[PDB]
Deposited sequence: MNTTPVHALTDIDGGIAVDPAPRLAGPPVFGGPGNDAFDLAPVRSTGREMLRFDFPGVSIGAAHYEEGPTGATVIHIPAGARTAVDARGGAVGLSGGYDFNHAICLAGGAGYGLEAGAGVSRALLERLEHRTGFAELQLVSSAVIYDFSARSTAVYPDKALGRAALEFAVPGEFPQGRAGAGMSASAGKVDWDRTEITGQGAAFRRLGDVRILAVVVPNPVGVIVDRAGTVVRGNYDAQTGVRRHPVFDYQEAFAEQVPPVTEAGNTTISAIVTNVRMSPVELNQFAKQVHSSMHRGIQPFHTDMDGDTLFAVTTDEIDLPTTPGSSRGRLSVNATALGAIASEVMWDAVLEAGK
């Protein structure tokens, strides 16, 4: 069982962006994931003064996207069905401003052309990360611009980096909440590529494939993490009466209908590794993005089964890549 990373008690009343001369820092995290996915770049920037940050997935050619905004408390901008970038950030709704920095930078690179087919489309989503620190600094336009400027192919900074600087899990009680991070994972199968990026700031906890609670809801009195349902059920017996933001990027061609159902499938699959999930208190948002490079076969058979090669199959594989990313964030 990993050592605790308790976030500690809230400290509200701290300084905001106006109080500082804020210098973006290129986030490196605890280690770098390297992968091969041409046409996809990732940048991450933070302000130490928060600490808080933004992570940007840049696909300069633009890519078809489906959004599954399933949570009860979503903070989303754009949510477009085609994107040049996805911006994930802390700072609650204020952090949507980071995406404006990305949009503006992309407009400038386009030489301020504004034809419909030239509009640069950025979708952004946010986590509330203010309870995990004692400043009011947030990802502003300048920080989103920096994250884009820092974007490079084939690298992702794991852990406390970008949007994951002050992400945290397990919010039955803030005395038991632990810092998470951001995470990524990548698989290549034949010509198929799947990249998962996640910033888990859940009300729930991170759970591994054995069912062990590995991050969140850590009680310093016991030295042990608990699945929230044990707290909830005892709370009811006593008293009645007395957000995760994520992206899956693939190169497989999917129709709008397939892509949208793929998004829903992968997003629901994350209730395996984050529990509870999709709650009223969460603003869970998944972006499913395809670069539309590889055709699935017209018929779905293989030696492994009559119905084995299709978008559902891809969704099941992508679900595993995403669980791996969640576990990297919690590590």
Q.
Against the full deposited sequence, which stretches does the structure leave out?
A. 1-18, 261-266
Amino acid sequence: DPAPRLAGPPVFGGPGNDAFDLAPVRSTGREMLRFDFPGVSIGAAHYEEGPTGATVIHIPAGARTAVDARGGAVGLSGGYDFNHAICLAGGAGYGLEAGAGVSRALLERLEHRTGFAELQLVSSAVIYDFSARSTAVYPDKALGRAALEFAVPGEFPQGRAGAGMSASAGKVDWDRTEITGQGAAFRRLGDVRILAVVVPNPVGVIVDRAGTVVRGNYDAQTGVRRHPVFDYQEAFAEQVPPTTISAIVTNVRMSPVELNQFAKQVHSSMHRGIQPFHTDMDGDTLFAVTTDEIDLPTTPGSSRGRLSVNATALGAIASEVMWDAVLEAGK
From here on, numbers count along this sequence of modelled residues.
Q | Comparing 135-143 with 104-112, the one whose average Cα B-factor in the PDB entry is higher | A | 104-112
Q: Could you settle it for me: does 22-30 or 263-271 have the higher average Cα B factor in the PDB entry?
A: 22-30
Q) Taking the Cα B-factors listed in the entry, which of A288, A44, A69, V40 comes out highest? A) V40
Q: In terms of CA temperature factor as recorded, identify the highest of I179, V199, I194, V257.
A: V257
Q: Using the B-factors in the PDB entry, rank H278's C-alpha atom against the chain and give the third, lowest, middle or highest.
A: lowest
Q) Of the three thirds of its chain by CA temperature factor, lowest, middle or highest, which one includes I59? A) middle
Q: Quick one: classify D295 as lowest, middle or highest third of the chain based on its Cα B-factor.
A: highest
Q: Within this chain's modelled residues, let me know which third the CA B factor of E97 belongs to: lowest, middle or highest.
A: lowest
Q: Tell me, lowest, middle or highest third: where does the Cα B factor of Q158 rank within its chain?
A: middle
